[PDB]
Amino acid sequence: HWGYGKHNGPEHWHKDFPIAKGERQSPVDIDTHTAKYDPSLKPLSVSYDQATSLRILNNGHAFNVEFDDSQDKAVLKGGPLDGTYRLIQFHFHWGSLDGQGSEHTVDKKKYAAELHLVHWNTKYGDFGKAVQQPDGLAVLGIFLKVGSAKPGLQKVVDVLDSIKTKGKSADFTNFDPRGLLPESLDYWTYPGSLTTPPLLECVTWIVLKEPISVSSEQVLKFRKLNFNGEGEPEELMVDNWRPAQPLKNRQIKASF
Ligand SMILES: NCCOCCOCCNC(=O)c1ccc(S(N)(=O)=O)cc1
Ligand SMILES: [Hg+2]
Ligand SMILES: [Zn+2]
């Protein structure tokens, strides 16, 4: 199936998922001079004090930190959104080298990684239903730059040992997502899609202007993960990011 290899990479995904050449994919290049400053955009509302992390799982394309979304525990509201969006999971996309890894690019600039905080619109009742609506999902994207260590990321880094290969999971409770947010909530927003198959066009993307900094050693441990299942030939989990897609007359709005 789909992957990020030469034979099953992004370039091939259209074959199984024709929406791949759709009108609102994901990721895109953020052109800061063409982005439109929208004064009607309200500030983002991130209420994660009550977040309840449960487990960490290697799914073969990344590692996801799953949260209990049975209730309005950790929510996203404000910004360009209408209603409440519940945090279901968070994951990252990283490179084999520091010069690459992010999905979205700013003025053609690529970052070392990109953190995606996935939220689904509660009016739709469940995650599955939300993926059937054009305003179904909201993804909060955060750029990661190599520099100083990120204290709040270490807990995650340390458990990676445990979920080295595809299919492995580990209990991962009492993780506070708040530790991953930058100081500023200034963002860019546009209508897009999931960046991995099924590439469903149901996402309201919110990309934060300010990157968080992580240490070289932190990023390094990400690169130690495997694409493969245990007992299979080792294939390092690096470069799990999709190239920029055509904006196609879509407009990128800026909150600043
Ligand atoms: N019944 C419909 C099922 O809907 C299928 C949805 O796919 C589920 C798995 N994928 C995700 O949840 C998912 C979530 C976020 C992103 S991304 N990379 O755009 O943030 C990519 C993928
Ligand atoms: Hg959709
Ligand atoms: Zn993602």
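Numbering of chain A is taken from Swiss-Prot, so the residues present carry the numbers 4-259, in order.
Determined via X-ray crystallography, 1.9 Å.
From the backbone N, Cα and C atoms, a Cβ is placed for every residue, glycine too.
What Swiss-Prot says about this one:
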SITE      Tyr7  site 'Fine-tunes the proton-transfer properties of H-64'
SITE      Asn62  site 'Fine-tunes the proton-transfer properties of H-64'
ACT_SITE  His64  active site, proton donor/acceptor
SITE      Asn67  site 'Fine-tunes the proton-transfer properties of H-64'
BINDING   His94, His96, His119  Zn(2+) binding site
MOD_RES   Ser165  phosphoserine
MOD_RES   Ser172  phosphoserine
BINDING   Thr198, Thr199  substrate binding site
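Structural mapping of features recorded in Swiss-Prot.
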residue	record	Cβ within 10 Å
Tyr7	site 'Fine-tunes the proton-transfer properties of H-64'	18
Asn62	site 'Fine-tunes the proton-transfer properties of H-64'	15
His64	active site, proton donor/acceptor	18
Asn67	site 'Fine-tunes the proton-transfer properties of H-64'	21
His94	Zn(2+) binding site	19
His96	Zn(2+) binding site	27
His119	Zn(2+) binding site	22
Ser165	phosphoserine	13
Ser172	phosphoserine	16
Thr198	substrate binding site	24
Neighbour tally for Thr199 (substrate binding site), based on other Cβ positions within 10 Å of its Cβ: 23
Nearest-integer angstrom distance between the alpha carbons (Cα) of the residue listed as 'active site, proton donor/acceptor' and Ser165 (phosphoserine): 16
Recorded positions whose CB lies under 6 angstroms from ligand 3, from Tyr7, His64, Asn67, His119, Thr198: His119, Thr198
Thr198 (substrate binding site) versus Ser165 (phosphoserine) - Cα distance in angstrom: 26
Nearest recorded site to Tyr7 (site 'Fine-tunes the proton-transfer properties of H-64') by CA-CA distance, among binding-site residues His94, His119, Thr198, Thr199: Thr199
Where the C-beta lies under 6 angstroms from ligand 1, the matching recorded positions among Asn62, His64, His94, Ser172: none
Where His119 (Zn(2+) binding site) sits in the secondary structure, as DSSP reduces it to three classes: strand
Length of the line joining the Cα atoms of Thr199 (substrate binding site) and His96 (Zn(2+) binding site), in Å: 11
Which binding-site residues sit within 10 Å of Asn62 (site 'Fine-tunes the proton-transfer properties of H-64') - Cα, from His96, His119, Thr198: none
Shortest C-alpha distance to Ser172 (phosphoserine) - which of the recorded positions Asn67, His94, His96, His119, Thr198: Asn67
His94, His96, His119 excluded, remaining Cβ within 8 Å of their centroid (Zn(2+)): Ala65, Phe93, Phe95, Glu106, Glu117, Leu118, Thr198
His94, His96, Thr198 filtered to the binding-site residues whose C-alpha is within 10 Å of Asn67 (site 'Fine-tunes the proton-transfer properties of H-64'): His94
